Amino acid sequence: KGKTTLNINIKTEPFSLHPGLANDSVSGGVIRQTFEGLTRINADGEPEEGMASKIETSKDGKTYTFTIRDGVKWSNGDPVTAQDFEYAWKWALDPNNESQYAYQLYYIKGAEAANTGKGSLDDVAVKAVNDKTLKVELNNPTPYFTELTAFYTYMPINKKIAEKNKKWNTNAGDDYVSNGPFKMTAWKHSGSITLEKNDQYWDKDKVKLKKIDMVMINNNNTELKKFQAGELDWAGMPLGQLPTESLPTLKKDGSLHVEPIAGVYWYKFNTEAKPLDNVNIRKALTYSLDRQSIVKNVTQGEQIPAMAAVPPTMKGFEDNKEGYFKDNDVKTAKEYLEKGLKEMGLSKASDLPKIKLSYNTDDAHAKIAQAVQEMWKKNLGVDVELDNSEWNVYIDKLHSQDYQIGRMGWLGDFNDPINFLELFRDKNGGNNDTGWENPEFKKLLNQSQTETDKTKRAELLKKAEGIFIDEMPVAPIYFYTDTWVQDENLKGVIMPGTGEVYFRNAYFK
């Protein structure tokens, strides 16, 4: 009875379908169906055995021994080996490959040194001891390492093919092979992606869908129309997006799903571009936002105002609902503005250098940017000009620091607060892009990773978070929800609360 094709929207072309380069929710939406790591995420939101059938940990918690599952194969039928993992991780750490997620592998001994030119890749402590054994040594006991091994930077890639064709990842075809529940059988760039069930997947009997058809419709009204005609089985997040004005009606008819997730919506400042190089200007722009108005009137998705970096759903950080400063604090915003102008020798806001606010082309981002533009004009007398870019282009714009203020969202990679902080540890961190670094911040993050006590560790990270908010390299705006509607016959979808979605075991009733 239940159909076996799932029709969904992913809005736009992914940034990369190389797991070692992907850094974004669009790419990740695809790669989380097509690749599998040493571990995978089960329905309870916890890591479990995936490509590794056994995971051993040394007594000190630093050395991991993965036994590769008997008979695991790539989609072309070749065995998945430990050398595929070694190759992939070293590939992501090789500075020549310019992964923005190389820092995700710094947990491994020798990784940072290799990535920053202070060491050989040969001395990164990931080793295929044999075809079925991967040995990994960490700098510190990392209790969430098996969450990291399910993260897409830690996916294997087919070493044989990647050596043959260094552009293997750029198109569907015989040189694009993967090891997950689904495999990618078509990719029309900027059009659509077709995934089909992967008959070489080890746990294929648990996979019920035969086809996932992913379209790329960046018009939220159209996505909802297609859903309402039954041409899509889902409308909304994580991979699609509902029109903000539909949310009242859908909430009222009882069809809307709304779930808080570990994510934050912020405007990044290029702290090396005037006038955003002045902390008082950054603070004026941040304190002058009315986040309650944005979430009530603009987004309408039950998001909560963010005056902090770490989402309050992170155990130990629930007081971030209140945050580090007052929402809509125009009085204090104006005080910061005056202080900044004085430091420049200026008297009025209109004499500041021109400011551009950038975002990725999107119905909702444009509305938020317009609302913020008005708040800046009205509360500070600051005029900004707006510009928008395609998502995959936009990521590179921010990474190259070709911006002044840039909208971004960050979703948790793993269930620990440091994931919201360590992207800003190093100036040249692949996902930083603010030009900011602070020596005490970095010291505190590094100390956090040697502390096993959860209280003392949470306090080190809260101190770090306070330093970050005091230097305001980004303007927090809101903490995310996922909002969607779906065919209620679609069961078995895994949505862990970090904002990802897995269709591995999904089915129509």
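Note that residue numbering follows the sequence shown and begins at 1.
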Higher average CA B factor in the deposited record is what I'm after, so tell me if that's 98 to 106 or 323 to 331. 323 to 331
On mean C-alpha B-factor from the PDB entry, just flag whether 212 to 220 or 244 to 252 is the higher one. 244 to 252
Per the deposited entry, the peak Cα B-factor within the set 236, 181, 381, 430 goes to 381
Which one of 285, 375, 93, 148 shows the top CA temperature factor in the record? 375
Position of residue 497 among the chain's modelled residues by C-alpha B-factor, lowest, middle or highest third: highest
For the chain shown, is the CA B-factor of residue 317 in the lowest, middle or highest third of its modelled residues? highest
By the recorded C-alpha temperature factor, relative to the other modelled residues in its chain, which third is residue 417 in? lowest
Once the chain's modelled residues are ordered by C-alpha B factor and cut into thirds, is residue 40 in the lowest, middle or highest one? lowest
Which third, lowest, middle or highest, does the CA B-factor of residue 292 fall in along this chain? highest
